[PDB]
Amino acid sequence: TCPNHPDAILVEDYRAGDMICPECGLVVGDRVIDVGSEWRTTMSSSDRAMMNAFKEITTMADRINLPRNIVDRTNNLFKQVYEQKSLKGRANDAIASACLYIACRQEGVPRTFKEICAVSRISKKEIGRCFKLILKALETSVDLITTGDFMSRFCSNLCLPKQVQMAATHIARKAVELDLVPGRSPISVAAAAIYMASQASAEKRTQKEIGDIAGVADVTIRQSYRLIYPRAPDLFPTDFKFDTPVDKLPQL
Amino acid sequence: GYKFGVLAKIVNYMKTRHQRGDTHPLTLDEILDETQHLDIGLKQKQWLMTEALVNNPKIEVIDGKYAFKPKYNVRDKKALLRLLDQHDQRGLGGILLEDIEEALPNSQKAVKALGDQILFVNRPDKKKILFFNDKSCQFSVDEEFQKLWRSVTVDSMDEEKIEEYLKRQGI
Amino acid sequence: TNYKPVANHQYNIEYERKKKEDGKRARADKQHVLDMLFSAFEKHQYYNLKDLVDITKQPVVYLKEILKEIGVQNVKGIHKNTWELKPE
DNA sequence: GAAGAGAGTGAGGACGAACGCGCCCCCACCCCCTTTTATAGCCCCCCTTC
DNA sequence: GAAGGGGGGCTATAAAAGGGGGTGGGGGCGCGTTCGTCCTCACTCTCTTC
Ligand SMILES: [Zn+2]
């Protein structure tokens, strides 16, 4: 506000913290800028219920070792869902478990409904029911999960070599591409692919072992494995070292 | 129940019987028949006859037999008005609306017919207390009058100042 | 091997199985409920509402209405106000 | 002319009402129960083969 | 006794019924501390006494 220059964009100055006429030199305001801070250089039931759910969300996260950013994302989902109040009837623990599942999906690291259930007192059925309701309430959507979204966790939890993990990811991706397992759950496809890749390397894991980490019954793995077994040589990566030849892979 | 359960069913059966409209009294043995209490103890038969059926305020001893007491209970508009008048005259106090409703079927007709004759006081639990409308001396005024009257604070003044005002204004 | 994925906790399904097998309490006829309430009155003078529900094995809302029809609740300064089976 | 109990005042110690602090309870509010159906996958229990 | 297969069950999807059961939010309500109220006691003046 230069008296000489009406409507002049005063320039901030960090020397003394004052705004100066950009083309007059006049200091308008002696030292008003406050440079140091300007530049980086008896509890309500709703709050108490929110606080307990926040504590529950963190407790669930540490069980599966989720990063704080997902927990922060989960808290935002809970506040949005809690504020909107379409799930007032549903238990807060169920809402939090669904929020934790949604937060994982939004961040690109999905956890299967069984994995969230294992860390929560709420069953998978109830979490799924809350999951759909939250999406409607928040008017949001989650990208469809793929077989490769669980390979890193499953293979690492099975202590399988990196080459096996890459081979399993290639097998699972190719199998879906070839439509060899239409309608099968991505987890089941991933579990079958891990078994196919595992049996083709030095580190061999039984169907029960793969099911435990993946939460998929060995029968389902057996079904998926039987569907992709015929095209085993095609699914495997071209530059894959077969400890056990593909022709001699288990048949069942 | 032994010595306690039988009497409860007798009272309940008697109450239901009156609701049907049978004002005729009933004997102790007759009532026992329909209440499935024929095997009641002998000492209870005399106890009910001597104490239960006389001390209770809902049992009337007529020609030796026992009958309900609808006269004490309010069952007419005139009785409702009279009961309140006696309460005010004798200073007994008000009666909860629920007590009148059970005693007086369709009490709304009687209450609305009397209109302003009944003074209603709303308790914190929504319960309404009925008081007689003594129409001897009445004085009702506009709302703002009370508002101005409320505006004149008097609890925060001392007696010396209150009485000093009288001589200050010369009265 | 910790927190292995599970569709439903073993304790949760067993509890659900027990509840499903047992089923919900039914509304018995007033005469039968009244007889049971009167009979149990001999054992002790006063009963708690929660404990009385177990003895009668009836829905709480239905039991309260039946209890209200005859029974009343007396305020006790030692623990709390509790229901009294004696109508008078 | 020369001195005792008692009380004002100063000053220390024990018990009850109020404030929490929750335990328990009562009351809306909601979800669950049930049945019907076709669909598909997934999963569990029982039977059978070796 | 181990493992595979057959049979069966769980889940979602609508909608409706009526009522039991679970759950969050208040609401009166007893119990572990805290401060004020009540009570106790040392050190002197005082009217009275001798
Ligand atoms: Zn200028």
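Using Swiss-Prot numbers, chain A covers 14-54, 106-316, in order.
Determined by electron microscopy, 2.9 Å, according to the entry header.
Cβ atoms are placed via backbone N, Cα and C, with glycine included.
It is A:249-252, from the ranges A:18-21, A:42-45, A:209-212, A:249-252, that Swiss-Prot records as region 'Core promoter DNA-binding'. From the options A:129-133, A:174-178, A:189-193, the stretch Swiss-Prot describes as region 'Core promoter DNA-binding' is A:189-193.
When A:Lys119, A:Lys200, A:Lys226, A:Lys238 are compared in Swiss-Prot, the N6-acetyllysine annotation sits on A:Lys238. Region 'Core promoter DNA-binding' is the annotation Swiss-Prot gives to one range among A:135-138, A:151-154, A:283-286, and that range is A:283-286.
Least packed by the Cβ count within 10 Å, out of the recorded positions A:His18, A:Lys238, is A:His18. Of all the Cβ atoms in the protein chains shown, 14 others lie within 10 Å of the Cβ of A:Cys37 (Zn(2+) binding site). If you take the Cα of A:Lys238 (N6-acetyllysine) and the Cα of A:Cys37 (Zn(2+) binding site), they are about 69 angstrom apart, rounded to a whole number. A C-beta separation below 8 Å, combined with a sequence spacing of at least six in one chain, links A:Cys34 (Zn(2+) binding site) to A:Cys15, A:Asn17, A:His18, A:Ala21, A:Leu23, A:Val24, A:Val41.
Across the range of the repeat '2' (A:218-294), the DSSP-based residue counts are 56 helix, 0 strand, 21 coil. All protein chains shown were included, and the count of other CB atoms within 10 Å of the CB of A:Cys15 (Zn(2+) binding site) stands at 18.
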